[PDB]
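Just so it is clear: chains get the letters A, B, ... in the order the sequence lines come, proteins before strands, and each one is counted from 1. Counting starts at 1 for both ligands and their atoms, in listed order.
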Number of protein chains: 4
Amino acid sequence: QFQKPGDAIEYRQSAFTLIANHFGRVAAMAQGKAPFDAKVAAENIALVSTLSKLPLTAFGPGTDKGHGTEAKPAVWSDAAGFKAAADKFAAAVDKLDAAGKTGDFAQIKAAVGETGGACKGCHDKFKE
Amino acid sequence: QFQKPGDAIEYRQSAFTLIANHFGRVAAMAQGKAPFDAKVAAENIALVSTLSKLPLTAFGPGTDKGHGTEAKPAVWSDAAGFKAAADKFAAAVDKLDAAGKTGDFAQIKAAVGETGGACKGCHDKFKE
Amino acid sequence: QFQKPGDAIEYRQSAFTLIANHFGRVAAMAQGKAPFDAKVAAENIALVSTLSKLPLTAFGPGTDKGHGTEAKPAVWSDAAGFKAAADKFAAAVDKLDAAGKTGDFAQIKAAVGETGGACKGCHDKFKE
Amino acid sequence: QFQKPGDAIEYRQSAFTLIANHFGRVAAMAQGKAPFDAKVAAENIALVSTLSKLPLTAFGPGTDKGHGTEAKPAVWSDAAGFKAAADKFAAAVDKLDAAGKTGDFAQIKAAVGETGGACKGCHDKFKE
Ligand code: HEM
Ligand code: HEM
Ligand code: HEM
Ligand code: HEM
């Protein structure tokens, strides 16, 4: 667990950073800005899948201020809304995980579009 | 990959932060500071193993300054030494991973001691 | 031996009290309620093993009443059943003792579950 | 350990009872009231040796009243005196343990005389 609040903040920020980087490699393939390689897309989606579970466990009470957090207070006051956004994200990643297993480009591109929306959706209401 | 150098620096710092947190949970169990659970020890060990590969790819040329990096210059001037320290870490992680597979407390405690030593070993020569 | 019946009753009650306390320390470790230590688990298991032989010699004829005994009459009328319950307990303790020797958490947890069952089993039919 | 004070009291009283009983079997041999048998004397002294360590760990703060304790307050207020008596007892039991190993009657009789005095010595100042 986290000894101090700052530990939680740093942990979640670190998780989102890793997720962003690996998810980005798959998105580049989907956008045609990088050659498509099923094995590599699979590896990266696998990483995103494993990491996606992590950051959401570090939003406990008391982790609201300090260590440069960009989490809006609404994360807590509207816990219901936050739970929903997290759920959408989880669902989308499941689709991305499956798509990754099949190696089908069209499916992967569709899943990254969905997942990406899940990131933005949550960010609009709870970040910055 | 990493568009800018700072991306690499933030990537590696975040990876270490996650590794530290999850390795710490296994460590606590092995040092008698928390109840032992083979499943949880196993899960945390899996995370460490997976993540251990990640940060070592983010030490390319030019990632020596900025983004509050704590990597000593020796990381580049003493490249061989660094690859030497990284190799030890890898071996230690392979043992920790094997221990996780067996669920054997003694084996796990032995491997966390070795891994810990590999962390500090590298840190002494290349960090801060 | 026991001069008076009461001596036998107090002897067996005291033995059970010590067994309960030391078995409980092993149990706590196995149920994830306390940090695991193979040496301490081993020591406590040794005590339980040694003491387990003791109380079963203090159930001779005439020790059925007085000194606040909680042994049901069935202990004597259903002698075979009692020897049956005691035999199971003994076997369970032999396994707990063997587990203590190996230091294997899984093996220990398995044996504490069996021993526990042997305690309650006998208690249901012959205690209170 | 002990969840409640009464647990400590019951534990130590139970330990002294077992000790008293087994020590008594050796004393009877030494007094010639029972035939001398080196093996049996050895077994019993071994039990006394193992058990002798136990009761002294259950005299913590707060275990002074209730559950029918016969421990005089001096046990705590004159902690120094209590520590001494316990030390004499420990030393005597060591002698009894050795004597038991040698199977020499004269040595055993001497050790039981010493140990017995250790019981009485401590009892006079700290019990009832
Ligand atoms: C979707 C896969 C996704 C991405 C991509 C993403 C990225 C991201 C980054 C890079 C950060 C910055 C980390 C840093 O400061 O170094 C960040 C921060 C937050 N995010 Fe995000 N994010 C994605 C998904 C989600 C989801 C689904 C939610 C909400 C359910 C969410 C929330 C947040 C919050 C809040 C932060 C700030 C955390 C903090 O600074 O304390 N993101 N995200
Ligand atoms: C071993 C399992 C291990 C742990 C644990 C560990 C932790 C760790 C942390 C927490 C950081 C701080 C990151 C931050 O500032 O947010 C960190 C940083 C560096 N480490 Fe380390 N580290 C472990 C292992 C290793 C090994 C085996 C090496 C070298 C081969 C190594 C190196 C470094 C370096 C350099 C940094 C600084 C990164 C930067 O700031 O740019 N670590 N480590
Ligand atoms: C198994 C390891 C086990 C435990 C633990 C256990 C505990 C226990 C306690 C604490 C008592 C109370 C003593 C007191 O009142 O001070 C107690 C009493 C009895 N038990 Fe028991 N017991 C364990 C095991 C067994 C087994 C396997 C049997 C039967 C074959 C058994 C029987 C009894 C009986 C009878 C009593 C009452 C003794 C009396 O009051 O005269 N127990 N037990
Ligand atoms: C020496 C081998 C020894 C014997 C024998 C002995 C016996 C004994 C008995 C039987 C009791 C009664 C237990 C009960 O209530 O059922 C008893 C109680 C106490 N003793 Fe004792 N005792 C022996 C040794 C020692 C030694 C060396 C000390 C002190 C250093 C000591 C102390 C006590 C105390 C105090 C009690 C009362 C505990 C309580 O009721 O809380 N004894 N002893």
- With atoms numbered from 1 as shown, which atoms in ligand 1 lie under 4.0 angstrom from a non-hydrogen atom of A:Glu70? 39 (C), 40 (O), 41 (O)
- When you measure from atom 8 (C) of ligand 2 to each heavy atom in B:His123, B:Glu128, B:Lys127, B:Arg12, which option holds the nearest one? B:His123
- Can you sort out which atoms of ligand 2 are near B:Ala85, meaning under 4.0 Å from one of its heavy atoms? 30 (C)
- Task: Classify the contact between B:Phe126 and ligand 2 as side chain, backbone, both or neither, using a heavy-atom distance cut-off of under 4.0 Å.
- Result: backbone
- A:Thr57 and A:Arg12 side chains, donor-acceptor separation under 3.5 Å: no
- Message: For atom 34 (C) of ligand 3, which of the options C:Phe16, C:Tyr11, C:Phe23 provides the nearest non-hydrogen atom?
- Response: C:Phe16
- Query: Do the side chains of C:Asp97 and C:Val48 get nearer than 4.5 Å, heavy atoms only?
  - Reply: no
- Hey, can you tell me if D:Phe16 and D:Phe59 have their rings parallel, tilted or perpendicular (30° and 60° cut-offs)? tilted
- Should the proximity of A:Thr63 to ligand 1, defined as any heavy atom under 4.0 Å, be assigned to the side chain, the backbone, both, or neither? neither
- Message: Check for me whether A:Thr17 has a heavy atom closer than 4.0 Å to any atom of ligand 1.
- Response: yes
- Enumerated ligand 3 atoms positioned under 4.0 Å from heavy atoms of C:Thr69: 39 (C), 40 (O), 41 (O)
- Message: With heavy-atom distances below 4.0 Å as the criterion, list the atoms of ligand 2 near B:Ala118.
- Response: 27 (C)
- Have a look at B:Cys122, B:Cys119, B:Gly121, B:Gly68 and point out the one with the heavy atom closest to atom 3 (C) of ligand 2. B:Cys119
- Message: Is the distance from the ring center of A:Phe105 to that of A:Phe36 below 6.0 Å?
- Response: yes
- Item | Test item, C:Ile19 contacting ligand 3 (heavy atom, 4.0 angstrom) | yes
- Across all chains, not counting sequence neighbours, the side-chain hydrogen bond (donor to acceptor under 3.5 Å, both in side chains) partners of B:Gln107 are B:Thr102
- Query: Where do B:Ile45 and B:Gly100 come nearest, in terms of heavy atoms and distance?
  - Reply: CD1-CA, 3.6 Å
- Message: I'd like to know if the side chain of A:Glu10 reaches the main chain of A:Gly6, judged simply by a donor and an acceptor atom lying under 3.5 Å from each other, with no hydrogens or angles considered.
- Response: no
- Item | Atoms in ligand 1 with a heavy atom of A:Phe89 nearer than 4.0 Å | 1 (C), 2 (C), 27 (C)
- Message: Quick one, A:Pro73 and A:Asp64 - any side-chain contact, counting heavy atoms below 4.5 Å?
- Response: no
- Message: For A:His22 together with B:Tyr11, are the ring centres under 6.0 Å from each other?
- Response: yes
- Message: I need the contact type for B:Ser52 against ligand 2. Using non-hydrogen atoms and a strict under-4.0 Å cut-off, is it side chain, backbone, both or neither?
- Response: neither
